[PDB]
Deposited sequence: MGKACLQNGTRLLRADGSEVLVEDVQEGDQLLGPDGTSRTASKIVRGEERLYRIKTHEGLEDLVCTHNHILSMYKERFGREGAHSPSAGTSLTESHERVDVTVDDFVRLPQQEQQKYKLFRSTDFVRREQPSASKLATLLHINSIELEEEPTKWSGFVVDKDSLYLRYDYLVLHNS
């Protein structure tokens, strides 16, 4: 699940804040097709902040949120990993994993991932099909 205020893409290309996503809403998938959201849930807790080397907005999300990544050795394979499991990996293993944006340097290198010191509100939902959808800057996100 994602920090409130995270900007996502509707299926029509306009932006919607994650907490404004409602049941049945259509989001944009990484291949360009529609995704249906359901099971809207909300809570409040200390989230993890992920910062990239590249100048993109931080991703802030719950400890059980699933990151969709590319892992080295094309050149990279698709892997899903929870924030908890990724956080606990040794940094030499972590550097093999990259976030990514949907094509049309699309890999993003994580510079830091840290637990925040105060709780903040988050919103989550499930997405059909491959469970992938787009942030406003085309970062690929998972359920």
Q: Compare the deposited sequence with the modelled residues and state the ranges that are missing C-alpha positions.
A: 1-4, 78-93, 125-136, 176
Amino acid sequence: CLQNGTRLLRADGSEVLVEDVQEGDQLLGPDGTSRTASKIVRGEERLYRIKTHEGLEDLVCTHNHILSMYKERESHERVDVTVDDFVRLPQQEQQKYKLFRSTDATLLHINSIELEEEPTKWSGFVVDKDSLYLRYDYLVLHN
From here on, numbers count along this sequence of modelled residues.
Q. Of 18-26 and 115-123, which one has the bigger average CA B-factor?
A. 18-26
Q. Should the higher mean CA B-factor in the entry be assigned to 27-35 or to 40-48?
A. 27-35
Q: In terms of CA temperature factor as recorded, identify the highest of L59, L89, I110, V79.
A: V79
Q. Sorting the chain's CA B-factors, does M69 end up in the lowest, middle or highest third?
A. middle
Q: Just say lowest, middle or highest third for the CA B-factor of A105 relative to the other modelled residues in its chain.
A: highest
